[PDB]
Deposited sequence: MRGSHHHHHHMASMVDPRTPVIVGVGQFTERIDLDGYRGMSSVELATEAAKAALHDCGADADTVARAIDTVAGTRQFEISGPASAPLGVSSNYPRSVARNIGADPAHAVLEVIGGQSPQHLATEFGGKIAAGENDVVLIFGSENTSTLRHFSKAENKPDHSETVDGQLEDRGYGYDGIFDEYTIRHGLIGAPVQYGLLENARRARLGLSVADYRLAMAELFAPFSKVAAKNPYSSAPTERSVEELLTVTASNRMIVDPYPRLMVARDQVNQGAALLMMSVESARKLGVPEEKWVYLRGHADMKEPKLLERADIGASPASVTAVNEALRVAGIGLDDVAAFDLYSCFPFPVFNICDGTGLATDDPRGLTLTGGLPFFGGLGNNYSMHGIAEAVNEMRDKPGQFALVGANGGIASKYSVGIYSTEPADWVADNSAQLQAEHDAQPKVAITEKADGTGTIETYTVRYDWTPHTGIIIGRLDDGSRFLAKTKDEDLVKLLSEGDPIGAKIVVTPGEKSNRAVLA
């Protein structure tokens, strides 16, 4: 190795009401202890703290652990951020920038798409998920089975994870069967498949030179062997609403950087608030959904607990532990990412190497050069349903549609028409003809 090469040396998790500072503090204290050196000496050596977004929250965490770092960072929103952050400080440790960095996050118990209803995460993921159902040509009930078969192995791992907050294990049948208890929320998801905790996570990272200076046992060092960060264009510009090629590209580029192939990976933690971003990696990569290696280390999002923002740092922590236990093997972490907007991948191993710079910037500019699908904001005429969702938590039930015209440009529409909503809830709408009427609040729709 080169002395500037970055290693993860300490990881920390905590579950418990404590403040969000207090929770990140508890996890940070465990990261400092995990490294096997004197915590206080390590704390004095920290030059940067970075926190994920939930006052100076990163400096309060620092004061609490005995650190006085020159830089404090408050990162941008999104589930990609823990892994984006680890990659960014890896790179800066590799150059002449930083030497000891602490990353942490926590959570407490306490445009033209906006005006159409796309405000929360679930309704928007519904559209992507129904778009993937279109491309695969699966029926509604068939797809619902696929989702339950993907997620049941998740909740099993989740139930044996002590860091999981109040988890019950669920069978495939239990997830797929609509009851008064497991009722339809947003199409196509039943309640048990989408669902508040106290938890903190921290990562301690260093140059190999700082690890020796500070007295950190070598059996604790883990390398970030591969990495990539990718980004999609806004939802209605995407070539296929049912896929995210940027996520797959990130995975493949991170694989290249490590010098390995998909078969060489021993363990996966794939980000899973909804089935889609998991499915999507599987579709573009060849990885089977029932792969014996497993697709989660943590148990995943519905089941593990949490809002979604700081989830992947628990992933990274589990990856790092699992890799110390199986020295020489490789672990992939995937972090999502808005409305499948962002994806960040890290591959971890005890096997040493020099930091390899990734090709994300040039891969991003290639994907940015792809043609964008055209949008008609004020659509007036006859169109085809490309994808849809329904809000079952509203009365009357409310449909959101992305459509196509004859022109081939996309639009959005909202609908409470009793006739149309019956087709979206109880049948198979893809491709059905509808008539859309413009309006500056929402475009409305009805059958043809």
> Tell me, which runs of residues in the deposited sequence have no coordinates at all?
Replying inline: 1-14, 31-38, 77-90, 147-180, 266-267
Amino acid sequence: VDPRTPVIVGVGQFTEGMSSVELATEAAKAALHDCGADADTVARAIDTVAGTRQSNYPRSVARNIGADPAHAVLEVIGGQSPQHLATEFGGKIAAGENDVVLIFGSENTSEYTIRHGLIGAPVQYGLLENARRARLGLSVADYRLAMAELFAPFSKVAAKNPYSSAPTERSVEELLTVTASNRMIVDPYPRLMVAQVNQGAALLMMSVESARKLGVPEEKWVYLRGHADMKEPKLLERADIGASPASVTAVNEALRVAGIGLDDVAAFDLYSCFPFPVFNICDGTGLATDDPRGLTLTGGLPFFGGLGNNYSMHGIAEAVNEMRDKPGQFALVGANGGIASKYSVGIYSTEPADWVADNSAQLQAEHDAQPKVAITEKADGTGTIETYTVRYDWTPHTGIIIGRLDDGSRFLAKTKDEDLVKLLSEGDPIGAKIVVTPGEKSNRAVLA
From here on, numbers count along this sequence of modelled residues.
> Between 78-86 and 273-281, which has the higher average C-alpha B-factor in the PDB entry?
Replying inline: 273-281
> Between 173-181 and 90-98, which has the larger average Cα B-factor in the PDB entry?
Replying inline: 173-181
> If you compare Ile400, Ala37, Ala30, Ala50, which has the highest Cα B-factor in the entry?
Replying inline: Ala37
>> Highest recorded C-alpha temperature factor, please, choosing from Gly117, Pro188, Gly305, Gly346.
In response: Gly117
> Relative to the other modelled residues in the chain, which third contains the C-alpha temperature factor of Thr376: lowest, middle or highest?
Replying inline: highest
> According to the PDB entry, is the CA B factor of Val73 in the bottom, middle or top third of its chain, that is, lowest, middle or highest?
Replying inline: lowest
>> Could you place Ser409 in the lowest, middle or highest third of its chain by Cα temperature factor, using the values in the record?
In response: highest
> Looking at the C-alpha B-factor of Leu214, is it in the lowest, middle or highest third of its chain?
Replying inline: highest
>> Ranking the modelled residues of this chain by C-alpha B-factor as given in the entry, is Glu386 in the lowest, middle or highest third?
In response: middle
